[PDB]
Every structure is written in C-alpha cells, then in structure tokens.
Amino acid sequence: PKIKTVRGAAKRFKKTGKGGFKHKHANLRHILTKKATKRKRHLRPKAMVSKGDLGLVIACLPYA
Amino acid sequence: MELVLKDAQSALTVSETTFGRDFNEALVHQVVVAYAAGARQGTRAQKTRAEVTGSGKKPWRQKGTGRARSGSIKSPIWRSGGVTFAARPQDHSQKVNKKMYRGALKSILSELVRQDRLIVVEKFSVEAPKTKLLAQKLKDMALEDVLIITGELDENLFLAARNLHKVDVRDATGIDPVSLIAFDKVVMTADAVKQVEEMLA
Amino acid sequence: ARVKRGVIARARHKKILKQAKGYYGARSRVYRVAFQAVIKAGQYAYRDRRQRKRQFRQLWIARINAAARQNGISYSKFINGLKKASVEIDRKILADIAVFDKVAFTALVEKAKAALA
Amino acid sequence: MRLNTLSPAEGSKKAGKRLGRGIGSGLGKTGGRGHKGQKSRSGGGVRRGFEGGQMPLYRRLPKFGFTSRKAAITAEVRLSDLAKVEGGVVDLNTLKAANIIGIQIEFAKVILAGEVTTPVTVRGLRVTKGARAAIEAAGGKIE
RNA sequence: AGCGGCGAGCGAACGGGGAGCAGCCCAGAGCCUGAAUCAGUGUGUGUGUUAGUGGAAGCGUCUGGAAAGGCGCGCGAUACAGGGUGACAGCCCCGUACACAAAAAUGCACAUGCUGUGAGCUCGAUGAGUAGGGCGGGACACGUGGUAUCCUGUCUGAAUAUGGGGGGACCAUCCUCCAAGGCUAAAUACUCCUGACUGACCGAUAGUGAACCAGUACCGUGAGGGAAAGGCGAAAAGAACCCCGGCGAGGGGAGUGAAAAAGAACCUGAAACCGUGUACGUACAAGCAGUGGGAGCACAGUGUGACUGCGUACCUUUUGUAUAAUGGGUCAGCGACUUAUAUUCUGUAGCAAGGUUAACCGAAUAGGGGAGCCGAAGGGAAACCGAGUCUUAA
C-alpha cells in the first residue's frame, strides 16, 4: 500500500528548496504579556528544522 | 552498414545504428533475463499456519506439563503444520523500458553481423507445406539450427518448420531477445529486414 | 524450489566425525559431542604449536645444563662463555652434540671456559 | 553472444543480506538486531516520530497556514515551453493541447526560465517582468 | 483536499484515460386499430456438447538379463505434445498433426409459422402524510463542528411547473435538474462441479488432514478432534523337492531370475544404537578424556599408545560462568529475517532537460495507449510576485 503521510506533521512543516523543512516556532500561542517583545519578535519568522530532528521528519513526511 | 544477400550479391542498405552498434552486454543481459522471468508462470502456493487444516485448540496447557510450550498444532516448528513464509502465486514479470528493449535488439542485431550469424535472404519460401522440402531448404543453405524471420504471413513455410526442432519461423514482429541469441543462424528475408530496421528506428 | 538438506548435512556431519577418530565414547560417534571435541582439539593444536617451541627449548637447555656440568661448568657460564667467544650455535644443535658427539661438546665447553675467564 | 555467455555489469547485483546463518556470515544469532529489546522483536519497533514518550516534534510545534485551493489550479510556464505550443499562440487551452500545464488549470504564468527563441504570442496569461523582457526581446507580443 | 483525544489513524471527490455501452414503462383517454416489439412453444437451418473413426515412416549390428543405448545406413513429418514397452524409441504400441462421423437427446444462435403482451399520432397527466422542519440516531472520507446532502424512530407538515430540488452554513442572483412509481442486457464478483492445458509447484516428516478402503482407526456424553501408514521384480517366474524343527517358527540346500546381500518384515539401505572377529593398549592409577612430545608393539605409511608437558565442555545470558545459572539422552528428517506494495538511498543500466507510461487495446514479453507521474523554480500563511521572494512604511 501507499505510505500514509502523518497528517498532523503535514500541517507543521513545509519543504523548502534545498530539501529542508520550515516550521513555525513554538511559544507564541498564549501567555504573551509576560514574554518580552524582543523574544516574541524572534519567534515570528519561520525557522528551519534542526539537523538531529530531520530524520524524524522525513520519516513522517514521505510525500513532501 | 551493408548486408550481403545469400546469392543475389546485391547488398541492401540498413542503418548502421541498428546493425552496427557497439555491443552492450549489461543491456542485453537485462533484457534477456526479463524475457526469461516474464516467461515464468508463477503458479504455486503453500499453506501458512492459518491455512493448514487443524484446530486452534492449544495442544496442552501452558504450564504444568514438562513439555515445551505450544499453542497450535499448525505451528511451523511442528510436523505437518505450517510453512513459515509460504508461497503465494506471484508475478515474476519485470519492466523493460522501450528504449532499453529497442537498445538491446539493436545491439543483438549488431552483434549477429559481427559473428556472421545474420544471413539476409531476399526470399525464403517453400512451394508445398511439407517438412521434407524445408528439411532440404537448409542443406543447400547449410543450416541446421536456424531462425527464419519473414515479413509476410507464409503459412506454407510456417507448418513446414513446426516439426523441425532446431528451425523457427517468425513474422518480424515477434522476434525477441532470447530467440535472436539461442539460434545458430538468423535468416531474414529482405522484406523482413526492411521492417525490423524500421521498428528499431 | 524446495531444498532437501539430507545429503549435504550428512557430508558436513561425516566430515566432523572423521576428524574425531580415536576419541573416547560418544566423542567419536555422536555429532554434538564430537563437534566440540574437534573444535577443542583444534584449539589445543593452535596452543601447542606455541608450547612445542618452548618445550623443546626447555629440553635442550636441560640437556646442555647437564652436559656442561659433566665438563665442569654451569649452563649460564657456558652460554655466557659462548657469546663472549662469538660462537653462534643454537641450543637445538648444542643439545644434539651433547648426546651424539660428546667429545665435540667438551671442545665447545673448553672454547667457552677459555674465552669466558 | 550465447545464452551461457551473458553477464551482468560489475556491481549491478549485490547479493542480499541473509540473516541468521552462522558465525562466518556476520549476521548469525541476532540477525543484525542486537540483544533483547523492543527493536529486536518480530514486528517490534516504535512508530514514526515516536520519541520515547516525550512530546513529538510534529506535536510540539504549531500548525500554520491553510491550503489555498487556487494554488492547485495555477501553474508556471517556463520559457522553454513557449516553443512547443504548436502555433506560436500561447493560450491557456493550447498549453493543454501540448500537455504543458494540466487539464484542470485555469491560470498560468510565464516565468523567465529559459530561452524563448521564436516569434510567440502570449494571449490571456500572466507574464513576469523578466519574461516580458525576453518575449519582446525575441519578437513576441503579449495580450 | 479534508476528517481526527487535529492523536493513533481515516481518507474523498471534481476531473482525465479505459472495459462496456440499450433505454424504456405506469400514474390515460382517443384516432389508428398484430404496429415493430419482448417472451414461450414448434417445425427448419447453422453450430457445438453427449459414443467415436482413420492416422506415417527402421532395419542390420556390438555391449547387455533385456535394447529404446553405441556404431552403421535409411525413411516419415501440417505428426520430434505426451505416455508405455525388459535401459534413453519420430519410424514397436497407444497416440499426436490432420481429415472425418450421430439413432437419439440437448446448449447456442438464426429462419421463423403459430400464439400472449403490445406500437405510432393527438392531446392531457407529471407519483403528499411526501419534501421540508423540531428532537434522537445512523450513513456519507467528513467524530455536530460554521456544515451541506442522504436515511428515518418520534412529533409535525408544504408548495402541486406561473411550482419544486441542488450547487458543502446561510442569503440574492442564474446555472442546472424534476423527488415522493417501476423495469432494464454488457463490462463486474465467484467456483461445489466438468473438460482440456500449463508450471524456475510438492515428491511420501513434503504436497490436501488423507498418494494407502481417510474424515478412517482412535479419542470425546457431545459439539468436536483426528492419525500413522507408498516402492519385490522386466515378468510371480512369488521359491517344486530335500534337510533340522513341534506335520512349528525360523533356517540350510535345490531352483527361478541379471540380481534373493530383489524372498514378500522385499529398490537404495545412512546415523544413533547393538554384536562378533582381529591388532594394540589396559588390573599402583586420580580430574572436560584432548593436545604437544613420545617409546614399545602389530601391519603394510597405517593402527594402537605406555610415560610425559599444557589443559575446568558447548550454548545462552551477563559486570562476570568449569560454574553448583539456562538448554540439550542420542541420531535422522523438518524447524526461524519472508512476500506484496509504497518510499528513500547506494550500485548499475538505458535515455537526459527531459525521462517513463498505468489500465486497456493487442497478430501478446512486440507495437499501440503520454491519462498521468517525477524533473527542469522558487519564496510566501495566502492573494500574489517570480530568479528572486517574503519580512517590514522601508
């Protein structure tokens, strides 16, 4: 059978040009009054998935 | 290239791409194996532990008796029950690319003029549909193990080689990897080598 | 393609029981016992190719020591006296002389006793 | 060149790991699996993205965005495809006749991706600023 | 795409390529008025099925128990598929290719005659406790969620073509269709069963549980479970007769036969295991029984092995096992990393900015089929822009 994409991962990551994955940062949902505006400013761009995590993501996203 | 006829000595023109290519052995080995595997009638099966006739009753209890623990009379460790990874009927066909199949046939026909096993004739028919005449049609030609490849639908010639074991008649569209190799001479009528040159471009 | 394995398992077993001739009891007849008899016997054979070169050097040195002491010197002073005299005969041949040509050994001891002292 | 003379290329056929077949094979008695754990059991092995029971990375992180339903019906036309449209007129429906975009596409964009050579006529599409400066550089009119 | 403790997982459509492709009735009265239809029944034809018939050609010779083998020299072949015959047969047999055959009974078409339904035209008609709704459930990929649509247990309840449904909450447009009656071939699924035919399927611990009087013997009150067990030889020519014995059993002859060490407890006849004969060793010598050295002896190098150095099995599991931890009485046979599909990577091969087809068609591994898929472009949540783009007034 076809490999089923982990569908909850397909909403967290998007594949980029050289092959890696962009993702939204954690810690920017709620409880923001106490967070600094500098710290919240750096969680707003999308980051690239780290080296050690990438083997866990391509396992999850085979049709990315 | 050029292909000299059997006796008219007037060599018809072929494209050197089809009859003078360099031989590719890895290409021809792959298409001669995929022909051989696609001839498999993959029809066999055995019984797994599910399919062996028996009861799912555990033979003895798990503890207590000093026997080894068992849970099915149809386990594959046991006699008369269960092949472990039992066969199913399967498809042993392989995919060949068309440019790999045509590259192989262009490389076999190029090699048949190298080892002088391609002989091009201009006509190879026989009057009566009799095996006796064709048995003669190949003594003067000095052939015993041959594959005749014609362009027409000659059924007189087709029956006359149906009993001769080492003689095969084709129709220039069903020539294959293993037939162009397993015969000592390949003899092609001049109308047939026109068609075979065409389909291999 | 079912493969029966009675022919090549017989031969593989027969090859090991043939290496176990002369072994006591089930070590010559039973494959399970004779296999680890043969594996142990090859283990010992590896080890005693090392010990053979020690046991013979032990045997030569004990015979040169006896044959030196009949000529009135110890093994240590005879081997030191041969090295100061630059005589390069090994102990295999020094023991071979000591039983077969004793008068060729009393000459060797004299050539050692001289150049030592 | 007989049937008993044909060989594969060297290295085209590796053998295949046969596990659990003695000491010399280097795959006996465990099958390359090591000693007793979950991963050495038959069928054992955890599912994808399992981290132990630590919150997995695809659940540690927020979902973002939405699927557009207009990016599924748009395509990009490279300048390499402006010569294959069979007539010099690049409509939307003539890019499908040459099997360039796809039959469910309603919007195509012509982007600067390589070597427009011919008098072409793009009608009803979008072109970029580079592709407009290349179509007119070869003698093409965009409608 | 979505659904989803947005977890595990579930998973479409639209659209496209194909296989196969027929539409028709009643809610209805008239003119016309068997008017084709679609059925059944019956002769008639064509064709299978159910018995069958014909088939084409080789002899010498050596080995051998026996020739189909070897060597020699011919002949058939639209037949050299297969099987049998004293060893391996184109030419000995049965067949096979091919050419043929049916009293009678049936399958299929067709030709239909005779019966049943019943055309075509004019007009009207246009399926109500329904649709919809409230409540509760279920089905849709869709878990009530913003949620369409379908079904309906319960409670209600329209409009009746100038009207009604749907287009994913809902509304307006404007596109499309006409629910609440019904019938409908092919493409599709299957194989208890019959016929051929095939196999990189099994070869008696395998293959059906069952190659054999097998769902049997046996077991169970019962439901139920459920075995083991193939082979003389070419042909019984299966051992007349004589001996020992208990008018035994078994045996020894004689005989058959190529072979009886093929004698029926029968091809081959392994290993464990048990004997006999022979060589050597062994009755003052301590222990993984070997190994290294090594006399003596017996043979024609082999066998044995006094004395002697070193030396606590194997596996498993472990920090670690001679361990007094696990496992194994032994032999023999079987017994554990497979298969399908998807994905990624390496090798390799073909073709390269292109590469490849899937189903299907098909004189079938060909050729056709480019529906698609992947790649040549990416940024962005997206619109969008595009070799750049997002970020941000910049």
# chains A, B, ... in the order shown; residues from 1 in each chain; ligands from 1
call {"tool": "residues_around", "arguments": {"residues": "segment 97-103 of chain C", "least_positions_apart": "6", "cutoff": "8 Å", "atoms": "only C-alpha atoms (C1' of nucleotides)", "output": "PyMOL selection string"}}
result
chain C and resi 63-64+67
call {"tool": "write_last_selection", "arguments": {"atoms": "N, CA and C atoms", "output": "tab-separated table (two decimals), in the first residue's frame"}}
result
chain	number	residue	atom	x	y	z
C	63	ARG	N	69.47	-30.31	28.88
C	63	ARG	CA	70.49	-31.26	28.48
C	63	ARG	C	71.85	-30.62	28.32
C	64	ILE	N	71.90	-29.39	27.80
C	64	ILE	CA	73.15	-28.64	27.80
C	64	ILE	C	73.59	-28.36	29.21
C	67	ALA	N	75.09	-31.61	30.40
C	67	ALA	CA	76.33	-31.92	29.71
C	67	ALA	C	77.40	-30.89	29.95
call {"tool": "residues_around", "arguments": {"residues": "segment 62-64 of chain D", "least_positions_apart": "3", "cutoff": "7 Å", "atoms": "only C-alpha atoms (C1' of nucleotides)", "output": "list in words"}}
result
residues 11, 12, 24 and 26 of chain A; 381 of chain E
call {"tool": "write_last_selection", "arguments": {"atoms": "C-alpha atoms (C1' of nucleotides)", "output": "PDB file, in the first residue's frame"}}
result
ATOM      1  CA  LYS A  11       0.430  20.950   8.883  1.00  0.00           C
ATOM      2  CA  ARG A  12       3.549  21.724  10.913  1.00  0.00           C
ATOM      3  CA  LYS A  24       6.507  27.876  12.891  1.00  0.00           C
ATOM      4  CA  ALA A  26       6.771  27.263  19.445  1.00  0.00           C
TER       5      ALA A  26
ATOM      6  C1'   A E 381       0.000  31.555   5.652  1.00  0.00           C
TER       7        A E 381
END
call {"tool": "closest_atom_pairs", "arguments": {"of": "chain B", "to": "chain E", "cutoff": "7 Å", "atoms": "only C-alpha atoms (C1' of nucleotides)", "output": "JSON lines"}}
result
{"residue": "B:26", "atom": "CA", "partner": "E:349", "partner_atom": "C1'", "distance": 6.5}
{"residue": "B:27", "atom": "CA", "partner": "E:349", "partner_atom": "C1'", "distance": 6.1}
{"residue": "B:35", "atom": "CA", "partner": "E:365", "partner_atom": "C1'", "distance": 5.8}
{"residue": "B:38", "atom": "CA", "partner": "E:365", "partner_atom": "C1'", "distance": 6.0}
{"residue": "B:41", "atom": "CA", "partner": "E:199", "partner_atom": "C1'", "distance": 6.0}
{"residue": "B:43", "atom": "CA", "partner": "E:199", "partner_atom": "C1'", "distance": 6.4}
{"residue": "B:44", "atom": "CA", "partner": "E:201", "partner_atom": "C1'", "distance": 4.7}
{"residue": "B:53", "atom": "CA", "partner": "E:209", "partner_atom": "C1'", "distance": 6.2}
{"residue": "B:76", "atom": "CA", "partner": "E:335", "partner_atom": "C1'", "distance": 6.9}
{"residue": "B:77", "atom": "CA", "partner": "E:335", "partner_atom": "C1'", "distance": 4.9}
{"residue": "B:79", "atom": "CA", "partner": "E:205", "partner_atom": "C1'", "distance": 6.0}
{"residue": "B:85", "atom": "CA", "partner": "E:338", "partner_atom": "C1'", "distance": 5.2}
{"residue": "B:99", "atom": "CA", "partner": "E:350", "partner_atom": "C1'", "distance": 6.5}
{"residue": "B:100", "atom": "CA", "partner": "E:350", "partner_atom": "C1'", "distance": 5.2}
{"residue": "B:131", "atom": "CA", "partner": "E:77", "partner_atom": "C1'", "distance": 5.9}
{"residue": "B:159", "atom": "CA", "partner": "E:78", "partner_atom": "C1'", "distance": 5.4}
{"residue": "B:163", "atom": "CA", "partner": "E:80", "partner_atom": "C1'", "distance": 6.0}
{"residue": "B:164", "atom": "CA", "partner": "E:80", "partner_atom": "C1'", "distance": 6.9}
{"residue": "B:165", "atom": "CA", "partner": "E:80", "partner_atom": "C1'", "distance": 6.7}
{"residue": "B:173", "atom": "CA", "partner": "E:366", "partner_atom": "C1'", "distance": 5.9}
{"residue": "B:174", "atom": "CA", "partner": "E:366", "partner_atom": "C1'", "distance": 5.5}
call {"tool": "interface_residues", "arguments": {"of": "chain E", "to": "chain D", "cutoff": "7 Å", "atoms": "only C-alpha atoms (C1' of nucleotides)", "output": "list in words"}}
result
residues 15, 337, 347, 348, 381, 382 and 386 of chain E
call {"tool": "interface_residues", "arguments": {"of": "chain A", "to": "chain D", "cutoff": "10 Å", "atoms": "only C-alpha atoms", "output": "PyMOL selection string"}}
result
chain A and resi 6-14+23-29+49+53+55-61
call {"tool": "select_by_dssp", "arguments": {"residues": "chain A", "states": "alpha helix (DSSP H)", "output": "ChimeraX atom specification"}}
result
/A:37-42,54-60
call {"tool": "closest_residue", "arguments": {"among": "E:389, E:53, E:160, E:344", "to": "chain A", "atoms": "only C-alpha atoms (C1' of nucleotides)"}}
result
E:344
call {"tool": "residues_around", "arguments": {"residues": "residue 259 of chain E", "least_positions_apart": "3", "cutoff": "10 Å", "atoms": "only C-alpha atoms (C1' of nucleotides)", "output": "ChimeraX atom specification"}}
result
/E:65,233,262
call {"tool": "write_last_selection", "arguments": {"atoms": "N, CA, C and O atoms (P, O5', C5', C4', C3', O3' and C1' of nucleotides)", "output": "PDB file, in the first residue's frame"}}
result
ATOM      1  P     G E  65      24.316 -59.854 -18.997  1.00  0.00           P
ATOM      2  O5'   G E  65      23.055 -60.292 -19.856  1.00  0.00           O
ATOM      3  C5'   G E  65      22.468 -61.573 -19.709  1.00  0.00           C
ATOM      4  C4'   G E  65      20.974 -61.470 -19.539  1.00  0.00           C
ATOM      5  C3'   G E  65      20.245 -60.582 -20.529  1.00  0.00           C
ATOM      6  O3'   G E  65      19.940 -61.269 -21.721  1.00  0.00           O
ATOM      7  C1'   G E  65      19.479 -60.167 -18.325  1.00  0.00           C
ATOM      8  P     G E 233      12.049 -53.632  -7.189  1.00  0.00           P
ATOM      9  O5'   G E 233      12.069 -54.619  -8.414  1.00  0.00           O
ATOM     10  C5'   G E 233      13.111 -55.556  -8.557  1.00  0.00           C
ATOM     11  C4'   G E 233      12.718 -56.625  -9.525  1.00  0.00           C
ATOM     12  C3'   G E 233      12.138 -56.147 -10.833  1.00  0.00           C
ATOM     13  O3'   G E 233      13.115 -55.675 -11.728  1.00  0.00           O
ATOM     14  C1'   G E 233      10.846 -57.920  -9.996  1.00  0.00           C
ATOM     15  P     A E 262      20.896 -57.878  -2.972  1.00  0.00           P
ATOM     16  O5'   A E 262      19.355 -57.607  -3.215  1.00  0.00           O
ATOM     17  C5'   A E 262      18.412 -58.647  -3.063  1.00  0.00           C
ATOM     18  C4'   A E 262      17.017 -58.166  -3.311  1.00  0.00           C
ATOM     19  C3'   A E 262      15.936 -59.113  -2.866  1.00  0.00           C
ATOM     20  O3'   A E 262      15.658 -58.944  -1.493  1.00  0.00           O
ATOM     21  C1'   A E 262      15.492 -58.365  -5.069  1.00  0.00           C
TER      22        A E 262
END
call {"tool": "atom_distance", "arguments": {"atom1": "atom CA of residue 4 of chain D", "atom2": "atom CA of residue 112 of chain B"}}
result
16.0 Å
call {"tool": "closest_atom_pairs", "arguments": {"of": "chain E", "to": "chain C", "cutoff": "10 Å", "atoms": "only C-alpha atoms (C1' of nucleotides)", "output": "tab-separated table"}}
result
residue	atom	partner	partner_atom	distance
E:200	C1'	C:1	CA	7.5
E:201	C1'	C:1	CA	8.0
E:202	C1'	C:2	CA	8.1
E:206	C1'	C:2	CA	8.8
E:270	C1'	C:10	CA	8.1
E:271	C1'	C:10	CA	8.7
E:272	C1'	C:30	CA	7.5
E:288	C1'	C:37	CA	9.5
E:289	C1'	C:24	CA	6.9
E:290	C1'	C:41	CA	5.8
E:291	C1'	C:44	CA	5.1
E:292	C1'	C:48	CA	5.4
E:293	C1'	C:52	CA	7.9
E:304	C1'	C:22	CA	9.6
E:309	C1'	C:55	CA	7.3
E:310	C1'	C:48	CA	7.6
E:311	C1'	C:44	CA	8.0
E:313	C1'	C:36	CA	7.5
E:314	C1'	C:36	CA	6.8
E:328	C1'	C:32	CA	9.6
E:330	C1'	C:30	CA	7.1
E:331	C1'	C:30	CA	7.6
E:332	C1'	C:6	CA	9.0
E:333	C1'	C:6	CA	7.6
E:334	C1'	C:4	CA	9.4
call {"tool": "closest_residue", "arguments": {"among": "D:55, D:15, D:98, D:1", "to": "residue 86 of chain D", "atoms": "only C-alpha atoms"}}
result
D:98
call {"tool": "atom_distance", "arguments": {"atom1": "atom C1' of residue 273 of chain E", "atom2": "atom CA of residue 12 of chain C"}}
result
21.1 Å
call {"tool": "interface_residues", "arguments": {"of": "chain A", "to": "chain E", "cutoff": "7 Å", "atoms": "only C-alpha atoms (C1' of nucleotides)", "output": "list in words"}}
result
residues 1, 2, 3, 8, 17 and 62 of chain A
call {"tool": "write_last_selection", "arguments": {"atoms": "N, CA, C and O atoms", "output": "compact mmCIF listing (two decimals), in the first residue's frame"}}
result
# COMPACT_ATOMS: atom_id res chain seq x y z
N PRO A 1 0.82 -1.20 0.00
CA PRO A 1 0.00 0.00 0.00
C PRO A 1 0.85 1.24 0.00
O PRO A 1 2.03 1.13 0.27
N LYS A 2 0.25 2.38 -0.30
CA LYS A 2 0.98 3.63 -0.24
C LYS A 2 1.31 3.97 1.20
O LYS A 2 0.65 3.52 2.13
N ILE A 3 2.36 4.75 1.39
CA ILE A 3 2.69 5.20 2.73
C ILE A 3 1.79 6.37 3.07
O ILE A 3 1.72 7.34 2.32
N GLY A 8 -0.79 15.17 10.77
CA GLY A 8 -0.54 16.23 11.72
C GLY A 8 0.83 16.83 11.55
O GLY A 8 1.06 17.94 12.02
N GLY A 17 13.51 24.68 -0.64
CA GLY A 17 14.11 24.45 -1.94
C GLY A 17 15.27 23.47 -1.90
O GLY A 17 15.36 22.56 -2.72
N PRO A 62 6.72 11.36 3.84
CA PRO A 62 7.37 10.67 2.72
C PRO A 62 6.99 11.23 1.37
O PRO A 62 7.68 10.94 0.39
